[PDB]
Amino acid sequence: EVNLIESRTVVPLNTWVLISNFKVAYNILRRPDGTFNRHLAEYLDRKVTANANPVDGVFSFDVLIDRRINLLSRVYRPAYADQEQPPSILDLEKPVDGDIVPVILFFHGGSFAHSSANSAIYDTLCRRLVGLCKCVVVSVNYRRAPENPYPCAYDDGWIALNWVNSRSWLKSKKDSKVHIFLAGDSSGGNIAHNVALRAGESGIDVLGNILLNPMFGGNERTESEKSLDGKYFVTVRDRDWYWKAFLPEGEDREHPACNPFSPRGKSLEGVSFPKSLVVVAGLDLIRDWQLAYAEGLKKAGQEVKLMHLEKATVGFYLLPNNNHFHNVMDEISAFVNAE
């Protein structure tokens, strides 16, 4: 039955290897009974430390934002101009210089159960964002399911948002305010949406949200789910598994955390919500849910720019070897730097 020739036709071979490797490894980590092999997961994941030394124009450092839960976030900044020596542990929080300095609060993907801020795929993505958008990036190492299910991820994002917004050294000179943009791929995009909702209800002004192949769902089986099931790295079976691991016991996929436009979700009509850049991979099996999300925002009168990449698959933004990556990075920069 197994035949992966079809998926190889739409992506570069090395990309196919990277995503397929995660696919097979994750098959092992997820157990039929709902448990997760966390020890093996963290052993297999490829990680990297922070580095105060600028590499390719970017340096980074980790910060403990909440001890009770050991919540870490990695800060990525462009190399300091005219620095004669590398940053010491006392030079990491030097005030940003610039009339307007965008700060992207990023949430990695992994369907709520996989990866960390220090996972190589995400450390690389964040470093690329710093260089391509000429901004500061703060990547949240939010807690993962099933051990720390809903609402842990959202709570961690909220804590990180307040931390970022309260950093005097991240204030832009123009208006003495931290210009915050929420961003995330997969489950990270979902977290960004929900953190934004909470921000608008607390007075914290988020300037924009960037969702890459955001993870949303619902009780219904969309046409894209039925037609693309297992064809491009993802199966409905594993989607169901991650939702069950993240959502409260006894809940279904119409819970607002899964379906932001569920009858149970609060209306966004007449609500102060940031402008959004929604990127949808055409070959992502949950494409229909993502398109429905973008339409939901538009229908609620929210500002939304939709990028529907017809032949893109999940993970297209992990390697700079395709036009989806280039096109998207161009729009992200324009989005965060727009007036």
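One rule holds for the numbers: they count along the sequence shown, beginning at 1.
- For the pair 105-113 and 205-213, the record assigns the higher mean C-alpha temperature factor to 205-213.
- In this entry, the higher average B-factor at the C-alpha atoms falls on 94-102, of the pair 129-137 and 94-102.
- Per the deposited record, 269 carries the highest C-alpha B-factor of all listed residues (225, 123, 254, 269).
- As recorded in the PDB entry, 85 shows the highest C-alpha B-factor of the residues 85, 73, 190, 119.
- When the modelled residues of the chain are ordered by their C-alpha B factor, residue 327 lands in the middle third.
- Compared with the other modelled residues of the chain, the Cα B-factor recorded for residue 38 ranks in the lowest third.
- Compared with the other modelled residues of the chain, the Cα B-factor recorded for residue 62 ranks in the middle third.
- Residue-level temperature factors show residue 9 in the highest third of its chain, judged at the C-alpha atom.
- Annotation for residue 182: CA B-factor lies in the middle third of the chain's modelled residues.
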